[PDB]
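Here is the structure we will look at.
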Protein chains: 2
Amino acid sequence: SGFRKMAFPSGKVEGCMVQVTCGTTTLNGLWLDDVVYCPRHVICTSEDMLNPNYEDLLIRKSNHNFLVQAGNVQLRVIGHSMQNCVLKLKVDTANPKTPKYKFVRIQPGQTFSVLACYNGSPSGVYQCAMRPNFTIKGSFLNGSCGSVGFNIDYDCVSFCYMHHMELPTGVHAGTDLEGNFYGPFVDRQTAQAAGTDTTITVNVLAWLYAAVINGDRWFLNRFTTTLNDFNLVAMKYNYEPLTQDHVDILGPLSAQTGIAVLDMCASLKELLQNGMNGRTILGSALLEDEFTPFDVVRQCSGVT
Amino acid sequence: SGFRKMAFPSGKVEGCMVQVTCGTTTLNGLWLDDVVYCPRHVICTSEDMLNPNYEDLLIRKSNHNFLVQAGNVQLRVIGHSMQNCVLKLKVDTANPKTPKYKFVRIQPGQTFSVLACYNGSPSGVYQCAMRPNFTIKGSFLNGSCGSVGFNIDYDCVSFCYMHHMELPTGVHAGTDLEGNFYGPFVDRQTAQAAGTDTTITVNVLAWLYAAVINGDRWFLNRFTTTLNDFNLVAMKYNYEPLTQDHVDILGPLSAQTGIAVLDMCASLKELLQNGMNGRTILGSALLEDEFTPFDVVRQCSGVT
Ligand SMILES: O=C(Cc1cccc(Cl)c1)Nc1cccnc1
Ligand SMILES: O=C(Cc1cccc(Cl)c1)Nc1cccnc1
């Protein structure tokens, strides 16, 4: 009973957070095995951020310039390299708390948990989605740049995001753990605008199935639609087009509820056209799009 | 930048979760020092839940009937006692991962994080509030009954909730860690209804201050009000009456934004009377009441 925006338990990731300082810049790092990963802008002063030449700025840096502290104990840096927009600092000690892990590059629409940190210390955990414009709507302040996003499959942590930047509009940009930015963003103090933040249709449908499973059924209509008809309405409302791959992934939710995917599409089409009329679904007055179909199954089945 | 429903990092609590089984009933327990705390209904069969006499059912139970497993290793039970609606199982081993902790009984309107668990294993973490009717709107399934709610002050975990029950309406009830239910609920399979779930006014005001700090300012009006005038409108909209104690706690947010508390009350009064007109505040189409003034300060300042 009930449906919440739920994050993964963060303990396995808390055990990896470290503080990285270079000169007067401090941010967070992720310590896995004998490597600490952190945004490469740790080498920059605020002046350097205007137009940084990272390869050039890195020539002035040695292993001993990167101060890495895990808890209140200093780690010895024995190597450093730049991979895209991240630095990899080789330390002389493997993190004893390194969980089983993978580095994954997620697609827009995928959700993940963020462990927001400051000075290598966790402040909180929340659930995010990679937006269709490749920004995330997080909660980050100056100093949060070490922070990572991740998913867990039983005991394996798949790290998918490292936070680098806030856009002038207050939305967030970052990279995967190979240092490649999501979207077209660059790690420079230059104005960068985000594209259309469309609604993740397959996730809204998943959340309407979660609503039916939890008893919120008022929005179920007497209609059906087709993918093409639904998509004409999705386009008009800045929703992502729905494909047969999305219909396929919704199959288990359709099976569990007995509501055909296209019938749920027709109920969504009526909600878009009629609005909520002051009503709520799962305590929300808007259509929630940051639960994937897998998230709904996981939460509704009690996966640990 | 950004404002999210954020939970506390859960690692310190994950280190305390255990599985407790008695007969054919399995739920979660909280292992702190050499004591495991769990709902007393672990001793009941589904038939026993209709009208349980817990003292009588406990006479048929010995230490060896309580099976406690931490990870995949069994703990030896050397004592057991009932305190209100919880059992305290004394084990022969202190939990090596016991954090600094306190047991606190929270007031309605207070928020906390929940680490939802099944079979002593964490499934996820989310943020809750103790509702004014002493229910919580969680996300819990059968088997989640060990699960706890907590707050953290730097390194000390204050446990405030243990989950026991879902009401026929799908809202949740539980106890503090001394086993006293919040509200009038009893641990029995008998229909129990909840009272009015009013809106936590001081938390909505805190969230409107978070919205102004994060750039969402459209709702700021040219008016002010008084506590008595505001409360006439709060009563009409099923909002909790605002007191001078609530105004006092909002002082830091008023100081940080330069918006007098009563002016923010007048902006809230207009939102109640006019509605949102299809607009959003912090990505919500309703007024959010599960952030306390302390939560807003903590999140907006990056407390770790
Ligand atoms: O955005 C930055 C610093 C920065 C400036 C320019 C480029 C880069 Cl890569 C980083 N810090 C921050 C503040 C608030 C929330 N998230 C991040
Ligand atoms: O409510 C119960 C079992 C129960 C029945 C009657 C009394 C008591 Cl104390 C417990 N389990 C559950 C299921 C879904 C969500 N939260 C809890």
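Just so you know, ligand 1 is whichever comes first in the structure, and atom 1 is the first atom listed for that ligand. Just so we're on the same page: letters track the sequence lines, and every chain starts at 1.
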Open item on the list: With no hydrogens and no angle check, just 3.5 Å: does a side-chain donor-acceptor pair link A:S123 and B:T304?
Closed with: no
TODO: Indicate yes or no: does B:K5 engage B:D295 in a salt bridge with an N to O separation below 4.0 Å.
DONE: no
Open item on the list: Residue by residue, ordered by chain and number, which ones reach under 4.0 Å of ligand 2 with a heavy atom?
Closed with: A:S1, B:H41, B:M49, B:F140, B:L141, B:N142, B:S144, B:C145, B:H163, B:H164, B:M165, B:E166, B:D187, B:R188, B:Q189
Open item on the list: If the threshold is 4.0 Å, N to carboxylate O, is there a salt bridge linking B:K88 and B:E178?
Closed with: no
- [ ] Kindly write out the residues that satisfy side-chain hydrogen bond (donor to acceptor under 3.5 Å, both in side chains) with B:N65, not counting sequence neighbours, or none if the list is empty.
- [x] none
Task: Set of salt bridge (charged side-chain N to carboxylate O under 4.0 Å, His left out) partners for B:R105, sequence neighbours left out - done: B:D176
Open item on the list: List the residues meeting side chain to side chain contact (heavy atoms under 4.5 Å, CB included) with B:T175, not counting sequence neighbours, and say none if there are none.
Closed with: B:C85, B:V86, B:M162, B:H164, B:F181
